[PDB]
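*Asks:* File work.pdb follows (PDB, C-alpha atoms):
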ATOM      1  CA  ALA A   1      14.455  58.270  18.444
ATOM      2  CA  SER A   2      18.202  57.695  19.069
ATOM      3  CA  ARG A   3      19.372  54.386  20.726
ATOM      4  CA  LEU A   4      22.434  52.122  21.030
ATOM      5  CA  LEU A   5      21.437  48.457  20.456
ATOM      6  CA  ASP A   6      23.414  46.556  23.154
ATOM      7  CA  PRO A   7      21.556  43.256  23.824
ATOM      8  CA  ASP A   8      21.444  41.454  27.172
ATOM      9  CA  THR A   9      22.489  38.109  25.514
ATOM     10  CA  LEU A  10      24.748  35.787  27.581
ATOM     11  CA  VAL A  11      26.211  32.581  25.967
ATOM     12  CA  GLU A  12      27.934  29.959  28.160
ATOM     13  CA  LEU A  13      29.199  26.417  27.538
ATOM     14  CA  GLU A  14      29.253  23.727  30.234
ATOM     15  CA  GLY A  15      31.708  20.996  29.172
ATOM     16  CA  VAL A  16      31.608  17.206  29.677
ATOM     17  CA  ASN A  17      33.845  17.507  32.816
ATOM     18  CA  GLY A  18      31.693  20.350  34.304
ATOM     19  CA  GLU A  19      34.192  23.107  33.371
ATOM     20  CA  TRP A  20      32.597  26.371  32.151
ATOM     21  CA  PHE A  21      33.199  28.920  29.382
ATOM     22  CA  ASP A  22      31.633  32.383  29.048
ATOM     23  CA  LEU A  23      31.630  32.933  25.266
ATOM     24  CA  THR A  24      30.181  36.507  25.645
ATOM     25  CA  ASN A  25      32.672  38.021  28.135
ATOM     26  CA  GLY A  26      35.608  35.637  27.457
ATOM     27  CA  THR A  27      36.958  35.277  31.041
ATOM     28  CA  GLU A  28      38.577  31.939  29.929
ATOM     29  CA  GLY A  29      40.146  33.732  26.880
ATOM     30  CA  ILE A  30      37.549  32.255  24.504
ATOM     31  CA  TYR A  31      34.804  34.129  22.586
ATOM     32  CA  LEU A  32      32.075  33.110  20.127
ATOM     33  CA  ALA A  33      33.074  34.408  16.610
ATOM     34  CA  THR A  34      31.053  36.241  13.856
ATOM     35  CA  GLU A  35      29.594  33.142  12.057
ATOM     36  CA  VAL A  36      26.682  31.054  13.526
ATOM     37  CA  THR A  37      24.335  28.627  11.706
ATOM     38  CA  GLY A  38      21.811  26.350  13.518
ATOM     39  CA  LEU A  39      20.634  28.468  16.464
ATOM     40  CA  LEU A  40      16.884  29.428  16.154
ATOM     41  CA  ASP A  41      14.652  26.695  14.559
ATOM     42  CA  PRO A  42      15.968  23.119  13.984
ATOM     43  CA  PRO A  43      15.847  21.757  10.386
ATOM     44  CA  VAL A  44      12.581  20.046   9.272
ATOM     45  CA  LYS A  45      11.934  17.581   6.435
ATOM     46  CA  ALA A  46       8.441  18.092   4.937
ATOM     47  CA  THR A  47       7.047  15.258   2.741
ATOM     48  CA  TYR A  48       4.391  15.634  -0.002
ATOM     49  CA  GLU A  49       2.768  13.228  -2.529
ATOM     50  CA  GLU A  50       1.370  13.714  -6.062
ATOM     51  CA  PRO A  51      -2.495  13.323  -6.058
ATOM     52  CA  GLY A  52      -2.466  11.351  -9.331
ATOM     53  CA  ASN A  53      -2.800  13.269 -12.651
ATOM     54  CA  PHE A  54      -4.350  16.363 -10.920
ATOM     55  CA  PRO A  55      -3.228  19.876  -9.706
ATOM     56  CA  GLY A  56      -0.802  20.311  -6.804
ATOM     57  CA  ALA A  57       0.338  17.900  -4.053
ATOM     58  CA  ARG A  58      -0.877  16.495  -0.677
ATOM     59  CA  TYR A  59       0.930  16.848   2.677
ATOM     60  CA  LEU A  60       2.018  13.500   4.226
ATOM     61  CA  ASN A  61       4.176  14.254   7.278
ATOM     62  CA  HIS A  62       6.980  16.425   8.650
ATOM     63  CA  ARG A  63       9.932  15.514  10.907
ATOM     64  CA  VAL A  64      12.413  17.618  12.930
ATOM     65  CA  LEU A  65      15.961  16.581  11.921
ATOM     66  CA  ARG A  66      19.106  16.688  14.128
ATOM     67  CA  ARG A  67      20.430  20.207  14.814
ATOM     68  CA  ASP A  68      23.711  20.696  12.929
ATOM     69  CA  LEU A  69      25.212  23.796  14.590
ATOM     70  CA  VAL A  70      28.288  25.432  12.947
ATOM     71  CA  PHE A  71      30.228  28.186  14.721
ATOM     72  CA  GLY A  72      33.731  29.471  15.485
ATOM     73  CA  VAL A  73      35.551  30.388  18.683
ATOM     74  CA  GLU A  74      38.210  33.163  18.782
ATOM     75  CA  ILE A  75      41.047  32.133  21.183
ATOM     76  CA  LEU A  76      43.380  34.897  22.461
TER      77      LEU A  76
ATOM     78  CA  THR B   1     -31.639   9.041  17.076
ATOM     79  CA  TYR B   2     -29.453   9.516  13.952
ATOM     80  CA  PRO B   3     -29.443  12.839  12.032
ATOM     81  CA  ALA B   4     -31.527  13.035   8.835
ATOM     82  CA  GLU B   5     -30.251  11.612   5.493
ATOM     83  CA  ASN B   6     -28.997  15.115   4.468
ATOM     84  CA  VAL B   7     -26.511  14.713   1.556
ATOM     85  CA  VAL B   8     -23.465  16.504   0.289
ATOM     86  CA  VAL B   9     -22.826  16.027  -3.418
ATOM     87  CA  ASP B  10     -19.354  16.876  -4.673
ATOM     88  CA  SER B  11     -19.105  16.362  -8.434
ATOM     89  CA  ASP B  12     -15.242  16.225  -8.331
ATOM     90  CA  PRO B  13     -14.374  12.803  -9.889
ATOM     91  CA  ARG B  14     -11.713  11.925  -7.212
ATOM     92  CA  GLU B  15     -13.798  11.831  -4.005
ATOM     93  CA  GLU B  16     -16.918   9.916  -2.890
ATOM     94  CA  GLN B  17     -19.423  11.995  -4.853
ATOM     95  CA  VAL B  18     -22.589  11.434  -2.743
ATOM     96  CA  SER B  19     -22.327  11.276   1.077
ATOM     97  CA  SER B  20     -24.789  11.597   4.008
ATOM     98  CA  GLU B  21     -24.395  12.973   7.566
ATOM     99  CA  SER B  22     -26.274   9.897   8.947
ATOM    100  CA  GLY B  23     -23.400   7.594   7.812
ATOM    101  CA  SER B  24     -25.829   5.704   5.509
ATOM    102  CA  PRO B  25     -24.080   4.058   2.472
ATOM    103  CA  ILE B  26     -25.912   6.324  -0.055
ATOM    104  CA  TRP B  27     -23.320   5.349  -2.720
ATOM    105  CA  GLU B  28     -25.490   2.235  -2.908
ATOM    106  CA  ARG B  29     -29.022   3.195  -4.141
ATOM    107  CA  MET B  30     -27.253   5.554  -6.667
ATOM    108  CA  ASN B  31     -27.134   2.478  -9.056
ATOM    109  CA  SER B  32     -23.853   3.409 -10.901
ATOM    110  CA  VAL B  33     -24.978   7.020 -11.632
ATOM    111  CA  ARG B  34     -22.270   9.714 -11.296
ATOM    112  CA  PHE B  35     -22.015  13.447 -11.826
ATOM    113  CA  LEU B  36     -19.871  13.822 -14.983
ATOM    114  CA  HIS B  37     -19.682  17.496 -16.005
ATOM    115  CA  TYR B  38     -17.825  20.649 -14.826
ATOM    116  CA  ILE B  39     -18.673  24.354 -15.413
ATOM    117  CA  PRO B  40     -16.103  25.316 -18.149
ATOM    118  CA  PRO B  41     -13.714  28.319 -17.906
ATOM    119  CA  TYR B  42     -15.343  31.699 -18.700
ATOM    120  CA  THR B  43     -18.977  30.470 -18.350
ATOM    121  CA  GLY B  44     -21.346  33.423 -17.844
ATOM    122  CA  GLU B  45     -24.980  33.249 -16.699
ATOM    123  CA  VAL B  46     -26.454  29.770 -15.976
ATOM    124  CA  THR B  47     -29.931  28.806 -14.674
ATOM    125  CA  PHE B  48     -29.929  25.648 -12.539
ATOM    126  CA  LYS B  49     -33.412  24.038 -12.532
ATOM    127  CA  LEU B  50     -33.800  21.846  -9.429
ATOM    128  CA  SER B  51     -36.955  19.951  -8.525
ATOM    129  CA  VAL B  52     -38.057  18.318  -5.263
ATOM    130  CA  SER B  53     -40.734  15.994  -3.870
ATOM    131  CA  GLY B  54     -41.398  15.075  -0.201
ATOM    132  CA  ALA B  55     -40.106  18.421   1.154
ATOM    133  CA  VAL B  56     -41.800  21.079   3.339
ATOM    134  CA  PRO B  57     -41.655  24.925   3.138
ATOM    135  CA  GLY B  58     -38.442  26.461   4.527
ATOM    136  CA  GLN B  59     -36.090  23.543   3.685
ATOM    137  CA  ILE B  60     -32.876  24.857   1.991
ATOM    138  CA  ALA B  61     -30.603  23.187  -0.527
ATOM    139  CA  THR B  62     -27.371  25.066  -1.518
ATOM    140  CA  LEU B  63     -24.900  25.352  -4.409
ATOM    141  CA  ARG B  64     -21.191  26.290  -4.342
ATOM    142  CA  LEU B  65     -19.109  27.049  -7.443
ATOM    143  CA  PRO B  66     -15.663  27.645  -5.772
ATOM    144  CA  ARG B  67     -13.598  30.170  -7.798
ATOM    145  CA  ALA B  68      -9.978  29.071  -8.146
ATOM    146  CA  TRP B  69      -7.618  31.355 -10.133
ATOM    147  CA  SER B  70      -4.107  30.680 -11.417
ATOM    148  CA  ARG B  71      -3.050  34.202 -10.183
ATOM    149  CA  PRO B  72      -3.675  36.917  -7.515
ATOM    150  CA  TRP B  73      -4.229  39.740 -10.068
ATOM    151  CA  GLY B  74      -6.048  39.025 -13.354
ATOM    152  CA  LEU B  75      -7.124  36.443 -15.988
ATOM    153  CA  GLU B  76     -10.820  37.557 -16.068
TER     154      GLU B  76
ATOM    155  CA  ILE C   1       6.305  -7.701 -44.192
ATOM    156  CA  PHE C   2       6.722 -10.379 -41.485
ATOM    157  CA  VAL C   3       3.219 -11.469 -40.247
ATOM    158  CA  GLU C   4       2.459 -13.154 -36.887
ATOM    159  CA  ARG C   5      -0.153 -13.046 -34.042
ATOM    160  CA  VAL C   6      -0.187 -10.616 -31.083
ATOM    161  CA  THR C   7       0.674 -12.829 -28.060
ATOM    162  CA  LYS C   8       0.939 -10.172 -25.260
ATOM    163  CA  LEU C   9      -0.313  -6.590 -24.734
ATOM    164  CA  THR C  10       0.789  -4.364 -21.819
ATOM    165  CA  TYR C  11      -0.640  -0.904 -21.003
ATOM    166  CA  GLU C  12       0.947   1.496 -18.485
ATOM    167  CA  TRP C  13      -0.339   4.800 -17.039
ATOM    168  CA  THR C  14       1.479   7.183 -14.660
ATOM    169  CA  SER C  15       0.751  10.647 -13.158
ATOM    170  CA  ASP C  16       2.640  11.945 -16.308
ATOM    171  CA  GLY C  17      -0.042  10.307 -18.625
ATOM    172  CA  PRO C  18       0.244   7.121 -20.778
ATOM    173  CA  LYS C  19       3.473   5.216 -21.539
ATOM    174  CA  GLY C  20       1.521   3.563 -24.392
ATOM    175  CA  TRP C  21       1.425  -0.121 -25.313
ATOM    176  CA  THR C  22       4.036  -2.855 -25.298
ATOM    177  CA  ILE C  23       3.044  -5.272 -28.089
ATOM    178  CA  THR C  24       4.623  -8.716 -28.569
ATOM    179  CA  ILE C  25       4.113 -10.020 -32.134
ATOM    180  CA  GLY C  26       4.804 -13.756 -32.375
ATOM    181  CA  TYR C  27       5.934 -15.971 -29.488
ATOM    182  CA  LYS C  28       8.786 -14.613 -27.337
ATOM    183  CA  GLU C  29      10.504 -15.925 -24.193
ATOM    184  CA  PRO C  30      10.361 -13.635 -21.072
ATOM    185  CA  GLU C  31      13.126 -11.005 -21.426
ATOM    186  CA  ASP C  32      13.898 -11.106 -17.667
ATOM    187  CA  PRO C  33      15.793 -14.432 -17.220
ATOM    188  CA  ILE C  34      14.274 -14.875 -13.748
ATOM    189  CA  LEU C  35      10.835 -15.048 -15.474
ATOM    190  CA  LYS C  36      12.279 -17.714 -17.797
ATOM    191  CA  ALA C  37      13.278 -19.590 -14.612
ATOM    192  CA  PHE C  38       9.661 -19.270 -13.318
ATOM    193  CA  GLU C  39       8.292 -20.505 -16.691
ATOM    194  CA  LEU C  40      10.439 -23.709 -16.530
ATOM    195  CA  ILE C  41       9.388 -24.241 -12.848
ATOM    196  CA  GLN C  42       5.635 -24.025 -13.836
ATOM    197  CA  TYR C  43       6.131 -26.776 -16.435
ATOM    198  CA  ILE C  44       8.008 -28.953 -13.867
ATOM    199  CA  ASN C  45       5.275 -28.616 -11.165
ATOM    200  CA  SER C  46       2.639 -29.684 -13.754
ATOM    201  CA  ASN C  47       4.704 -32.754 -14.858
ATOM    202  CA  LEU C  48       5.564 -33.545 -11.191
ATOM    203  CA  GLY C  49       1.812 -33.575 -10.362
ATOM    204  CA  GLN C  50       0.974 -36.190 -13.059
ATOM    205  CA  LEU C  51       3.987 -38.388 -12.115
ATOM    206  CA  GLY C  52       2.328 -38.543  -8.642
ATOM    207  CA  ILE C  53      -0.954 -39.972 -10.125
TER     208      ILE C  53
ATOM    209  CA  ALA D   1     -22.845  15.068 -47.324
ATOM    210  CA  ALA D   2     -19.982  16.855 -49.148
ATOM    211  CA  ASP D   3     -20.397  17.920 -52.832
ATOM    212  CA  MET D   4     -17.783  16.061 -54.955
ATOM    213  CA  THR D   5     -18.553  18.390 -57.955
ATOM    214  CA  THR D   6     -16.725  21.461 -56.524
ATOM    215  CA  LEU D   7     -13.585  22.388 -54.530
ATOM    216  CA  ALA D   8     -15.788  23.642 -51.650
ATOM    217  CA  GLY D   9     -16.988  20.047 -51.057
ATOM    218  CA  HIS D  10     -13.461  18.600 -51.285
ATOM    219  CA  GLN D  11     -12.458  21.038 -48.506
ATOM    220  CA  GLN D  12     -15.459  19.845 -46.420
ATOM    221  CA  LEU D  13     -14.336  16.199 -46.891
ATOM    222  CA  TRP D  14     -10.776  17.110 -45.821
ATOM    223  CA  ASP D  15     -12.054  19.037 -42.746
ATOM    224  CA  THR D  16     -14.379  16.124 -41.778
ATOM    225  CA  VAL D  17     -11.372  13.734 -41.850
ATOM    226  CA  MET D  18      -9.257  16.196 -39.774
ATOM    227  CA  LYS D  19     -12.091  16.318 -37.162
ATOM    228  CA  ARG D  20     -12.095  12.490 -36.939
ATOM    229  CA  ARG D  21      -8.260  12.565 -36.697
ATOM    230  CA  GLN D  22      -8.434  15.038 -33.743
ATOM    231  CA  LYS D  23     -11.123  12.974 -31.898
ATOM    232  CA  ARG D  24      -8.746   9.918 -32.074
ATOM    233  CA  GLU D  25      -5.876  12.027 -30.674
ATOM    234  CA  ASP D  26      -7.991  12.889 -27.568
ATOM    235  CA  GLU D  27      -8.711   9.134 -27.089
ATOM    236  CA  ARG D  28      -4.899   8.395 -27.157
ATOM    237  CA  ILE D  29      -4.265  10.351 -23.949
ATOM    238  CA  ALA D  30      -7.529   9.409 -22.171
ATOM    239  CA  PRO D  31      -7.086   6.910 -19.266
ATOM    240  CA  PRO D  32      -9.155   3.689 -18.968
ATOM    241  CA  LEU D  33     -12.348   3.647 -16.929
ATOM    242  CA  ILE D  34     -11.322   1.768 -13.698
ATOM    243  CA  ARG D  35     -14.029   0.182 -11.471
ATOM    244  CA  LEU D  36     -13.824  -1.765  -8.193
ATOM    245  CA  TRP D  37     -16.357  -4.492  -7.328
ATOM    246  CA  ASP D  38     -16.718  -6.815  -4.253
ATOM    247  CA  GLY D  39     -17.332 -10.570  -3.908
ATOM    248  CA  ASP D  40     -20.782 -10.967  -5.538
ATOM    249  CA  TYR D  41     -19.662  -8.291  -8.041
ATOM    250  CA  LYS D  42     -21.546  -5.241  -6.603
ATOM    251  CA  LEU D  43     -20.042  -1.978  -7.887
ATOM    252  CA  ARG D  44     -18.241  -0.058  -5.119
ATOM    253  CA  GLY D  45     -17.065   2.835  -7.299
ATOM    254  CA  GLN D  46     -15.142   4.221 -10.237
ATOM    255  CA  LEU D  47     -11.473   4.801  -9.306
ATOM    256  CA  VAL D  48      -9.928   8.159 -10.340
ATOM    257  CA  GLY D  49      -6.889   9.783  -8.621
ATOM    258  CA  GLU D  50      -4.466   6.802  -8.479
ATOM    259  CA  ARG D  51      -0.664   7.461  -8.712
TER     260      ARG D  51
ATOM    261  CA  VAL E   1      21.228   3.121  -6.488
ATOM    262  CA  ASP E   2      19.444   0.478  -4.293
ATOM    263  CA  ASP E   3      16.000   1.959  -5.240
ATOM    264  CA  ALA E   4      16.414   1.103  -8.979
ATOM    265  CA  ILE E   5      17.201  -2.572  -8.192
ATOM    266  CA  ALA E   6      14.262  -2.527  -5.706
ATOM    267  CA  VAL E   7      11.820  -1.131  -8.356
ATOM    268  CA  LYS E   8      12.804  -3.793 -10.937
ATOM    269  CA  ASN E   9      12.610  -6.491  -8.232
ATOM    270  CA  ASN E  10       9.006  -5.391  -7.514
ATOM    271  CA  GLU E  11       8.056  -5.622 -11.220
ATOM    272  CA  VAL E  12       9.519  -9.175 -11.539
ATOM    273  CA  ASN E  13       7.562 -10.172  -8.390
ATOM    274  CA  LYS E  14       4.256  -9.056 -10.103
ATOM    275  CA  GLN E  15       5.074 -10.907 -13.360
ATOM    276  CA  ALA E  16       6.124 -14.127 -11.516
ATOM    277  CA  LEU E  17       2.385 -14.450 -10.572
ATOM    278  CA  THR E  18       1.742 -15.555 -14.195
ATOM    279  CA  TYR E  19       3.720 -18.728 -13.333
ATOM    280  CA  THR E  20       3.079 -19.493  -9.598
ATOM    281  CA  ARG E  21       0.249 -19.713  -7.019
ATOM    282  CA  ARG E  22      -0.295 -20.586  -3.342
TER     283      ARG E  22
ATOM    284  CA  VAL F   1      21.081   2.967 -14.526
ATOM    285  CA  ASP F   2      18.293   0.887 -16.267
ATOM    286  CA  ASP F   3      20.590   0.250 -19.315
ATOM    287  CA  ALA F   4      23.218  -1.439 -17.040
ATOM    288  CA  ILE F   5      20.544  -3.816 -15.662
ATOM    289  CA  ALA F   6      19.446  -4.404 -19.304
ATOM    290  CA  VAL F   7      23.059  -5.267 -20.394
ATOM    291  CA  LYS F   8      23.456  -7.735 -17.473
ATOM    292  CA  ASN F   9      20.042  -9.247 -18.337
ATOM    293  CA  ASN F  10      21.184  -9.864 -21.965
ATOM    294  CA  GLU F  11      24.432 -11.547 -20.804
ATOM    295  CA  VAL F  12      22.516 -13.845 -18.388
ATOM    296  CA  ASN F  13      20.122 -14.823 -21.198
ATOM    297  CA  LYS F  14      23.163 -15.833 -23.374
ATOM    298  CA  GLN F  15      24.615 -17.889 -20.461
ATOM    299  CA  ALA F  16      21.269 -19.616 -19.644
ATOM    300  CA  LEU F  17      21.575 -21.476 -23.015
ATOM    301  CA  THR F  18      24.205 -23.754 -21.361
ATOM    302  CA  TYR F  19      21.347 -25.100 -19.189
ATOM    303  CA  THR F  20      18.291 -24.959 -21.550
ATOM    304  CA  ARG F  21      16.838 -26.071 -24.931
ATOM    305  CA  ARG F  22      13.492 -24.553 -26.043
TER     306      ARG F  22
ATOM    307  CA  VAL G   1      26.591   0.784 -10.714
ATOM    308  CA  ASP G   2      28.109  -2.648 -11.703
ATOM    309  CA  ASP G   3      29.718  -2.809  -8.206
ATOM    310  CA  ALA G   4      26.255  -2.474  -6.562
ATOM    311  CA  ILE G   5      24.932  -5.291  -8.805
ATOM    312  CA  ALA G   6      27.989  -7.379  -7.753
ATOM    313  CA  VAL G   7      27.176  -6.688  -4.034
ATOM    314  CA  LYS G   8      23.465  -7.628  -4.561
ATOM    315  CA  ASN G   9      24.575 -10.850  -6.283
ATOM    316  CA  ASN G  10      26.860 -11.857  -3.364
ATOM    317  CA  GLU G  11      23.979 -11.331  -0.880
ATOM    318  CA  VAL G  12      21.588 -13.534  -2.932
ATOM    319  CA  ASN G  13      24.312 -16.244  -3.294
ATOM    320  CA  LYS G  14      24.502 -16.342   0.529
ATOM    321  CA  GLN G  15      20.702 -16.393   1.141
ATOM    322  CA  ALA G  16      20.400 -19.239  -1.450
ATOM    323  CA  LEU G  17      22.261 -21.523   1.052
ATOM    324  CA  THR G  18      18.985 -21.689   3.064
ATOM    325  CA  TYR G  19      17.357 -23.442   0.053
ATOM    326  CA  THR G  20      20.323 -25.455  -1.448
ATOM    327  CA  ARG G  21      23.001 -28.087  -0.616
ATOM    328  CA  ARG G  22      25.539 -30.016  -2.742
TER     329      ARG G  22
END
Rewrite the structure of this file - the entire thing - as structure tokens.

*Replies:*
Amino acid sequence: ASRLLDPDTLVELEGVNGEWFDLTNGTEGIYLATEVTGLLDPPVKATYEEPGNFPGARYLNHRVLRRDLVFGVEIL
Amino acid sequence: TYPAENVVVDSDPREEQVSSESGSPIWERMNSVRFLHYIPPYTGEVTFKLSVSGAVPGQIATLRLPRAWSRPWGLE
Amino acid sequence: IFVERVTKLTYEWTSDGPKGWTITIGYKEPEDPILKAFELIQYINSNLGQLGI
Amino acid sequence: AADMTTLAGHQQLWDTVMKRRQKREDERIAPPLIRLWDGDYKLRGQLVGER
Amino acid sequence: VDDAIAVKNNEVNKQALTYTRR
Amino acid sequence: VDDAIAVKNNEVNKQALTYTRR
Amino acid sequence: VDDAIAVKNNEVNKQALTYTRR
């Protein structure tokens, strides 16, 4: 089959004063740039312990960390 | 009514070796006796001779020898 | 050959196996100076008890 | 018992001493037997699997 | 690091029990 | 790290001799 | 390292005022 991949994805920011930015269409002259880390799953720390002098390790706990999100905006 | 004094024996030296589904402290009455020996690597045919008293026809004991390999592919 | 009596033995085991033995031959003060402070304080509390009698 | 008249028995003596030497090596790296007991000294269990 | 001072502190606390009691 | 704690321990032992006689 | 030992010492010197006076 033949197909253009043009996703429906809309990205908007609402600021601390209630002003808005469309980062997809750029009607405020601002666009999200080609580098994003920290969308999708948040970071997790998983903790394990040694079972004494025996094979492997045992699961203790896991914790979701803060989401550190790194991106750029292109400003015309 | 409690369940019968059915026991699970695990010979692994780390865990409580003898335990019962009734919750009875069957680690007492074992009088310091432990299971001490493993089946060594590359052991072929073995006959396990059990014996029982005070049991009726159709009662079933079981054995497991769980096969744990260092690899997905070989070592036999 | 210096000869004296074994005054202390310490054994240590970890999930990496043995660390072996610490042997003290002859009489030695605690190497940690805080433990030398505790040793003097034990002698004081014993003498302080008898002065109360 | 080894024959001290011939080299074959001197090799058996040497190999007997190397066997004893190896059995001591295995007892170097073996951990103590650890056991826990209550007040009144009843055995609760042997401890294996400590960190 | 704080952890190395904390580990040695814990050893001295277990050896001080030679010399003190409640 | 442990060697720095060991050096400071040796210096304290040498200074404790102002205050002690065995 | 020796800086962290100096910080730990200053904290103990302060806490020892609970238990001492001139």

*Asks:* Please determine, counting all atoms listed in the file, which residue among C:25, C:8, C:18, C:34 has the shortest atom-to-atom distance to chain E.

*Replies:* C:34

*Asks:* Between CA of residue 43 (chain B) and CA of residue 70 (chain B), what is the distance in Å, rounded to a tenth?

*Replies:*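 Distance between the two atoms: 16.4 Å.
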
*Asks:* How many Å separate CA of residue 43 (chain A) from CA of residue 12 (chain A)?

*Replies:*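 CA of residue 43 (chain A) sits 23.0 Å away from CA of residue 12 (chain A).
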
*Asks:* Can you pull out the residues contacting residue 22 (chain F)? Cut-off 12 Å, using all atoms listed in the file, and skip same-chain residues under 4 positions away; I want them as number ranges by chain.

*Replies:* C: 27-29, 36, 39-40; F: 16-18

*Asks:* Residues within 10 Å of residue 20 (chain E), please, as a PDB file with C-alpha atoms, in the coordinates of the input. Count all atoms listed in the file; anything in the same chain fewer than 6 positions from it doesn't count.

*Replies:*
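Wrote part-v2.pdb, looks like this:
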ATOM      1  CA  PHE C  38       9.661 -19.270 -13.318  1.00  0.00           C
ATOM      2  CA  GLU C  39       8.292 -20.505 -16.691  1.00  0.00           C
ATOM      3  CA  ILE C  41       9.388 -24.241 -12.848  1.00  0.00           C
ATOM      4  CA  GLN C  42       5.635 -24.025 -13.836  1.00  0.00           C
ATOM      5  CA  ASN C  45       5.275 -28.616 -11.165  1.00  0.00           C
TER       6      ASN C  45
END

*Asks:* Set the cut-off to 12 Å and count only C-alpha atoms: what are the residues of chain B that reach chain D? Output as an mmCIF file with C-alpha atoms, in the frame of the given file.

*Replies:*
data_model
loop_
_atom_site.group_PDB
_atom_site.id
_atom_site.type_symbol
_atom_site.label_atom_id
_atom_site.label_comp_id
_atom_site.auth_asym_id
_atom_site.auth_seq_id
_atom_site.Cartn_x
_atom_site.Cartn_y
_atom_site.Cartn_z
ATOM 1 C CA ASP B 12 -15.242 16.225 -8.331
ATOM 2 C CA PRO B 13 -14.374 12.803 -9.889
ATOM 3 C CA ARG B 14 -11.713 11.925 -7.212
ATOM 4 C CA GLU B 15 -13.798 11.831 -4.005
ATOM 5 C CA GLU B 16 -16.918 9.916 -2.890
ATOM 6 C CA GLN B 17 -19.423 11.995 -4.853
ATOM 7 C CA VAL B 18 -22.589 11.434 -2.743
ATOM 8 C CA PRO B 25 -24.080 4.058 2.472
ATOM 9 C CA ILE B 26 -25.912 6.324 -0.055
ATOM 10 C CA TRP B 27 -23.320 5.349 -2.720
ATOM 11 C CA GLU B 28 -25.490 2.235 -2.908
ATOM 12 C CA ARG B 29 -29.022 3.195 -4.141
ATOM 13 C CA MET B 30 -27.253 5.554 -6.667
ATOM 14 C CA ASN B 31 -27.134 2.478 -9.056
ATOM 15 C CA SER B 32 -23.853 3.409 -10.901
ATOM 16 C CA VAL B 33 -24.978 7.020 -11.632
ATOM 17 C CA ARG B 34 -22.270 9.714 -11.296
ATOM 18 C CA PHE B 35 -22.015 13.447 -11.826
ATOM 19 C CA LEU B 36 -19.871 13.822 -14.983
#

*Asks:* Report, in Å with one decimal, the straight-line distance from CA of residue 69 (chain A) to CA of residue 9 (chain A).

*Replies:*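 Going from CA of residue 69 (chain A) over to CA of residue 9 (chain A), I get 18.2 Å.
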
*Asks:* At a cut-off of 7 Å, list the chain C residues touching chain D, using only C-alpha atoms, as a list in words.

*Replies:*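 Within 7 Å of chain D on chain C, we get residues 14, 15, 17 and 18 of chain C.
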
*Asks:* If you count all atoms listed in the file, which residues fall within 10 Å of residue 75 (chain A), apart from same-chain ones fewer than 3 positions away, as a short mmCIF file (atom, residue, chain, number, x, y, z; two decimals) with C-alpha atoms, in the coordinates of the input?

*Replies:*
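File selection-v2.cif, as written:
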data_model
loop_
_atom_site.label_atom_id
_atom_site.label_comp_id
_atom_site.auth_asym_id
_atom_site.auth_seq_id
_atom_site.Cartn_x
_atom_site.Cartn_y
_atom_site.Cartn_z
CA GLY A 26 35.61 35.64 27.46
CA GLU A 28 38.58 31.94 29.93
CA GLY A 29 40.15 33.73 26.88
CA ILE A 30 37.55 32.26 24.50
CA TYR A 31 34.80 34.13 22.59
CA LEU A 32 32.08 33.11 20.13
CA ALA A 33 33.07 34.41 16.61
CA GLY A 72 33.73 29.47 15.48
#

*Asks:* Please identify every residue of chain G that has at least one atom no more than 12 Å from any atom of chain E, counting all atoms listed in the file, and report them as a VMD selection string.

*Replies:* chain G and resid 1 to 9

*Asks:* Export, as a PDB file, keeping the file's coordinate frame, the selected residues with C-alpha atoms.

*Replies:*
ATOM      1  CA  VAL G   1      26.591   0.784 -10.714  1.00  0.00           C
ATOM      2  CA  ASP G   2      28.109  -2.648 -11.703  1.00  0.00           C
ATOM      3  CA  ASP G   3      29.718  -2.809  -8.206  1.00  0.00           C
ATOM      4  CA  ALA G   4      26.255  -2.474  -6.562  1.00  0.00           C
ATOM      5  CA  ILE G   5      24.932  -5.291  -8.805  1.00  0.00           C
ATOM      6  CA  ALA G   6      27.989  -7.379  -7.753  1.00  0.00           C
ATOM      7  CA  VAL G   7      27.176  -6.688  -4.034  1.00  0.00           C
ATOM      8  CA  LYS G   8      23.465  -7.628  -4.561  1.00  0.00           C
ATOM      9  CA  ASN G   9      24.575 -10.850  -6.283  1.00  0.00           C
TER      10      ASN G   9
END

*Asks:* Please put the answer as AutoDock Vina command-line options: centre and edge lengths, in Å with one decimal, of a box along x, y and z that encloses all listed atoms of region 2-20 of chain G plus 5 Å on each side.

*Replies:*
--center_x 23.5 --center_y -14.0 --center_z -4.3 --size_x 22.4 --size_y 33.0 --size_z 24.8

*Asks:* Identify every residue of chain A that has at least one atom within 10 Å of any atom of chain D, counting only C-alpha atoms, and report the result as number ranges by chain.

*Replies:* A: 49-54

*Asks:* Give as a list in words every residue, naming chains and numbers as the document does, that has an atom within 12 Å of (6.4, 16.0, 10.7), counting all atoms listed in the file.

*Replies:*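 So the residues meeting the distance criterion are residues 43, 44, 45, 46, 47, 48, 59, 60, 61, 62, 63, 64 and 65 of chain A.
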
*Asks:* Dump as CSV the rows for residues of chain C within 9 Å of chain F: closest atom pair and distance in Å with one decimal, all atoms listed in the file counted, ordered by chain and rising residue number.

*Replies:*
residue,atom,partner,partner_atom,distance
C:31,CA,F:9,CA,7.8
C:32,CA,F:9,CA,6.5
C:33,CA,F:13,CA,5.9

*Asks:* If you apply the PyMOL selection byres ((chain D and resi 1) around 10) to this file, what residues do you get, as a list in words?

*Replies:*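 So the PyMOL selection byres ((chain D and resi 1) around 10) ends up selecting residues 2, 3, 4, 9, 12 and 13 of chain D.
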